[PDB]
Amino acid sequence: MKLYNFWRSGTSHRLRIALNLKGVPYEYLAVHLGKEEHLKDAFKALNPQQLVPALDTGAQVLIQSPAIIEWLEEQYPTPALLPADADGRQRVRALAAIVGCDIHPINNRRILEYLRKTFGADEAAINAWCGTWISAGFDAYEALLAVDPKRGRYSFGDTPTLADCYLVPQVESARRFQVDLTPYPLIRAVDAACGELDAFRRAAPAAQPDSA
């Protein structure tokens, strides 16, 4: 297994947590987004979409972190990252999708570049943009954590799930874009509890080979 990814990438960080929780070994292959190595014909051979991450399983190159992570859950049952019952699965998947659909893609490099080059945005306007979508997404996420009475230390129950895999990288991203997280005690408690776990610690951007 070869993971084509980038240290500060939220989607890379997402897949790293899932892989580490499953204890699946993989070779770390850095694809430097700042250098735009993903925008080159060489990387297009691996991923036509030209985004990270991409996972070479040995037999094939897989794309889309959400699809890869669902794949890992089935290919590597232990520990389970999705609950067994329909209602629980739907809720974990919804919490994940708040991050995966409604926060992360909006703050992606290509988007911020568009805002800079087409809309003349300076860095303060970039940070105001990222904070808008994060705050909106975290508002909804936090509200959902509040109403779940059976919830323990993490997003759902008292074991780490897919939802935590999506949430942790997003909280890190929020801190990079200087998003004030005071209004989200519950998300911050989930993030800190996750931060105690080896799988999460090893996956963090600063622990990566290509870190600054």
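Start at 1 with the first residue shown and count on from there.
Undergrad: Test of understanding: from the entry's C-alpha B-factors, which stretch has the higher mean, 106 to 114 or 77 to 85?
TA: Per the PDB record, 77 to 85.
Undergrad: In the PDB record, does 164 to 172 or 53 to 61 carry the higher mean Cα temperature factor?
TA: Here the higher of the two C-alpha B-factor means belongs to 53 to 61.
Undergrad: Against its chain's modelled residues, does residue 69's Cα B factor rank lowest, middle or highest third?
TA: Ranked within chain, residue 69 CA B lands in the lowest tercile.
Undergrad: What third of the chain, by the recorded C-alpha B-factor, contains residue 31?
TA: Bottom third by C-alpha B-factor.
Undergrad: Which third, lowest, middle or highest, does the CA B-factor of residue 17 fall in along this chain?
TA: Residue 17: CA B-factor falls in the lowest third of its chain.
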